[PDB]
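Before any comments, here is the structure.
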Protein chains: 2
Amino acid sequence: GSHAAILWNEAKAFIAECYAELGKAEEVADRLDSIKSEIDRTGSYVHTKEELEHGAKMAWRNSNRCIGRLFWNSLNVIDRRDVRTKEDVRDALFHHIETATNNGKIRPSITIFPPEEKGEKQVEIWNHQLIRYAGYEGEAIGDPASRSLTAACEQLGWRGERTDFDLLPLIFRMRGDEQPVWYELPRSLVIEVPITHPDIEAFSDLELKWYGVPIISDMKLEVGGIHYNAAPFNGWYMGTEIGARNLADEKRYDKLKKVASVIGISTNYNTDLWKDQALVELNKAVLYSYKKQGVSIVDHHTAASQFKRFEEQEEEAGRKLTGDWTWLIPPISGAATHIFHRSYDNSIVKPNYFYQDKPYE
Amino acid sequence: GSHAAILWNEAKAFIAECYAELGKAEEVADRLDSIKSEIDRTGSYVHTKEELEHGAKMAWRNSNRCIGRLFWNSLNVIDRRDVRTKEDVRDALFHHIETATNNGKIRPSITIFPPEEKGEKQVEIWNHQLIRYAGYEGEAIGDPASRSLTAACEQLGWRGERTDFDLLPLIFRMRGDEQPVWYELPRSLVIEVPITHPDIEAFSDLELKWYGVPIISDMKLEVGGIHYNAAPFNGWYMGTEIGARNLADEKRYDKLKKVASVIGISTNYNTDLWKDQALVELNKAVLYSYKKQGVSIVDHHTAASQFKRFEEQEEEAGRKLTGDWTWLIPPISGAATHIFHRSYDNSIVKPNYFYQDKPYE
Ligand code: HEM
Ligand code: HEM
């Protein structure tokens, strides 16, 4: 009743906006008629390859928290709405990792899986990211952010070796099944980068490493009223995400004090700004390491500079710019970028990516 | 008509809340009667020494953008509502600098001047801060943030030597005068700190320096409906304000590239994170310098730690905590403090400090 009404309204808004950008303004009338009859006949409608391809791009462009939006139109859209089995999904996820990694020269990609029909999911991905480390407790081992998902995986037959860098398996659920299935990731498919410093040799004593490609797999892609709960996407890392957050947060790997030790500075006084010096060196190490192994990465300055060019292009295209200041500013030297010195409208514009409730926990 | 109504409403709210914290709950009834008769007789009311003293403190406690709120109850309130002449104001401002500086051991203080009567100001301070550097243009000289006020001062007979660190004079306007008066600051009253590094001797080649005490003199203190447009206040600096903003912003002194040069690093590649390393060293220098000359300063870690204790005390006192995340997080290593990892309610609670339109510009 009310669900068939919201769907039609969001479809009219999307097709108009989408076709206007694609230069197919005359085809709007004939397409909306087909959609109206499709919603009445089945209860939903199917996007064309061109529609969801641009839809996923528009969704990226409207992502307020993303600093890499300059490259929105170069997104590699992989259409996998034809998957029916768990092997199909697995192979699609494996393919995503392979094609996105591209031997280091990372390609911003997204794999589209079947959307929700009558509110029920067809494929449901449990992983936050396709490649992520596990986490445990007695004393902290691994990535604390992954604790709940690690426990869920263990309740399904999976067991990790309990090192700080255990690769969580792929874990997803198919329509009609009560519990999800899991598949260990083939190591040959996963690129990892050991962290070393360009001037400090002792840095390798920390035995730090991180994976090459972040692939967010738990967000919902909303395009024209259609909910693609399963649609993993990826870009390349921005150094700070690793050296200022993942390896620095007290609630994550908490490595600042150990970094200070290998670089030769004391952790006695705050006034010595040891945490800051540790952050700079750890972040330099991250950037040097990724570049050395031939894996794409971008520093926060270059990234902000690229985002500045994005702001200019949106003004040039006549589109309103939206952004979340609190997420756009880098966690290291934010005042050194232009983002800090201006304000952004945090309005939500569709199509976009949204958060969804975690099946575990 | 409507002005006498708003005033009475804000007075009832303030006296109740103020006396409840002071343990004088029974005196509320008799005090509100006197106030009601005072508003009818004159059109406004006069605070008691105890009322505005605690009012200024409560105002500090409600300042969402302030990280040093832990020390709210130790505020040194100086009552100068008895000033009538321009010499009175000048001496009060001179006194403020002297007593607040306290030979380096800075004392958080506030000088209260007469409030607005029928919407018109009695004393109007033009300075953003009592002690601040001037700014000019052909090529950039001094502090760009002070350009407009510097031009206004020059249109009044004042002329600076055009160095990067010229002290702007005190400039204020008395009721009944069309234009403001100005007084040069006595150098013996102003403590300045030359910036040097603990390990790098070449740092002094940058010839950087900053003043010791920041005294915001252009904000409005609102207590119980009474508007104290002139009420300068001060705390001590947090290193980052100087080394990550005042001396780092491209729109301020823009010293990062010159800092990189004296510390021995290249400014060629962003991936080398030279801006970040420059920021750490400049900030360490700031903290070491202030401490060396015996002038109070606090690093961002200690400051966040102190703010954490403030959050706990407000929960313990039963008061709702308000804060602006975007201003509370430090501009250097924000994720290394607890502030970054939580959210804050940006609701405005009175009494508080507000922005007011600049008479110049
Ligand atoms: C191409 C390079 C990319 C860079 C450098 C970049 C960078 C960033 C950064 C630094 C954040 C903050 C992450 C954090 O602090 O947790 C972010 C968030 C985000 N970005 Fe990207 N991004 C890229 C590509 C993409 C792509 C391919 C999409 C989608 C098609 C996208 C969607 C978003 C979304 C929705 C968020 C918020 C996610 C969250 O709330 O956890 N980004 N991005
Ligand atoms: C005692 C030590 C103090 C410290 C360490 C401290 C620190 C800070 C910091 C770091 C900011 C940000 C400044 C910027 O980024 O421009 C701030 C803003 C502010 N603080 Fe403080 N503060 C202190 C005392 C005070 C006192 C004495 C009051 C008032 C009685 C106060 C009122 C505020 C207000 C209203 C703002 C916002 C001002 C603006 O928007 O420009 N603070 N504080």
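Taking segment A:37-127 as the region of interest, the strands (runs of 3 or more DSSP E) fully inside it that hold 1 or more residues being under 30 Å from A:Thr240 (Cα atoms) and in contact with a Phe, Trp or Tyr (Cβ under 9 Å, 6 or more places away or on another chain) are A:109-112, A:123-125.
Under the condition of being in contact with a helix residue (DSSP H, G or I) (Cβ under 9 Å, 6 or more places away or on another chain) and either without any contact (Cβ under 8 Å) to a residue 12 or more places away in the chain or within 21 Å of B:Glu137 (Cα to Cα) (or both), the residues counted in segment B:160-170 number 5.
Right, A:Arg31: assigned to a helix (DSSP H, G or I), over 15 Å from A:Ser109 (Cα atoms) and of a type in the set (D, E, K, R) or not?
yes
Which one is surrounded by the most Cβ atoms within 10 Å (Cβ to Cβ), of the residues in segment A:223-270 that are assigned to a helix (DSSP H, G or I) and in contact with a strand residue (DSSP E or B) (Cβ under 8 Å, 6 or more places away or on another chain)? Lay out the reasoning, then the answer.
So in segment A:223-270, the residues assigned to a helix (DSSP H, G or I) come out as A:239-246, A:256-262, A:270.
Those still in the list that are in contact with a strand residue (DSSP E or B) (Cβ under 8 Å, 6 or more places away or on another chain) too: A:239, A:242, A:246.
Numbers: A:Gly239: 30, A:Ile242: 26, A:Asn246: 19.
The selected residue is A:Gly239.
If you go through segment A:271-304 one residue at a time, how many are assigned to a helix (DSSP H, G or I) and either among the hydroxyl-bearing types (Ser, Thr, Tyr) or more than 7 Å from chain B (Cβ to nearest Cβ) (or both)?
Within segment A:271-304, the subset assigned to a helix (DSSP H, G or I) is A:271-272, A:274-292, A:300-304.
Applying the additional criterion that residues be either among the hydroxyl-bearing types (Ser, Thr, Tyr) or more than 7 Å from chain B (Cβ to nearest Cβ) (or both) yields A:271, A:274, A:278, A:281-282, A:285-286, A:288-290, A:292, A:300, A:302-304.
Adding up the residues that qualify gives 15.
Residue count for segment A:312-342 satisfying the condition of being crowded, with 17+ Cβ neighbours inside 10 Å and among the polar types (S, T, N, Q): 3.
Condition check ((1) touching a strand residue (DSSP E or B) at 6+ places or on another chain (Cβ under 6 Å); (2) within 16 Å of ligand 2 (Cβ to nearest atom)) across all residues:
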| position | (1), (2) |
| --- | --- |
| B:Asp276 | no, no |
| B:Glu281 | no, no |
| B:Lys292 | no, no |
| B:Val298 | yes, yes |
| B:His301 | no, yes |
| B:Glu311 | no, yes |
| B:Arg319 | no, no |
| B:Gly323 | no, yes |
| B:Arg342 | no, no |
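The set of residues from segment B:343-361 being in a strand (DSSP E or B), under 21 Å from the mean Cα position of the chain (by Cα) and surrounded by fewer than 19 Cβ atoms within 10 Å (Cβ to Cβ) comprises just one member, B:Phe354. If the condition is being out of contact with any strand residue (DSSP E or B) (no Cβ under 8 Å at 6 or more places or on another chain) and closer than 30 Å to B:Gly23 by Cα, then segment B:61-101 contributes B:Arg61, B:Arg65, B:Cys66, B:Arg69, B:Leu70, B:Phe71, B:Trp72, B:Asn73, B:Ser74, B:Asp82. Among residues of segment B:212-236 that are under 17 Å from B:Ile78 (Cβ atoms) and in contact (Cβ under 8 Å) with a residue 24 or more places away in the chain, those with a beta-carbon under 6 Å from a residue that is away from ligand 2 (no atom under 11 Å from the Cβ) and among the charged types (D, E, K, R) at least six positions away or on a different chain give the pairs B:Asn229/B:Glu116; B:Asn229/B:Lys121.
So which of B:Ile67, B:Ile131 ends up being within 16 Å of ligand 2 (Cβ to nearest atom), β-branched (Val, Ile, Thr) and not assigned by CATH to the domain that holds B:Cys18? Give the derivation first.
On the way: B:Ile67 fails: not assigned by CATH to the domain that holds B:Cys18.
The conditions single out B:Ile131.
Confirm whether A:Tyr45 is crowded, with 18+ Cβ neighbours inside 10 Å, over 20 Å from A:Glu116 (Cβ atoms) and more than 16 Å from ligand 2 (Cβ to nearest atom). Talk me through it step by step, then tell me what you get.
On the way: crowded, with 18+ Cβ neighbours inside 10 Å: yes; over 20 Å from A:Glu116 (Cβ atoms): no; more than 16 Å from ligand 2 (Cβ to nearest atom): yes.
Considered against the rule, which asks whether it is crowded, with 18+ Cβ neighbours inside 10 Å, over 20 Å from A:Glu116 (Cβ atoms) and more than 16 Å from ligand 2 (Cβ to nearest atom), A:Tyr45 comes out as no.
The number of residues in segment A:37-80 being within 16 Å of ligand 1 (Cβ to nearest atom) and touching an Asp or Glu at 6+ places or on another chain (Cβ under 6 Å) comes to 3. For segment A:237-246, residues that are more than 11 Å from every other protein chain (Cβ to nearest Cβ) and free of Cβ contacts under 8 Å to residues at least 60 places away in the same chain total 1.
Restrict the check to segment A:144-162 and report whether at least one residue is surrounded by fewer than 21 Cβ atoms within 10 Å (Cβ to Cβ) and touching a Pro at 6+ places or on another chain (Cβ under 6 Å). The answer is yes; a qualifying residue exists.
Basis: the model, the stated rules and, where named, an outside source; these are not laboratory values. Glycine also receives a Cβ, built like all others from the backbone with ideal geometry; neighbour counts cover every protein chain displayed.
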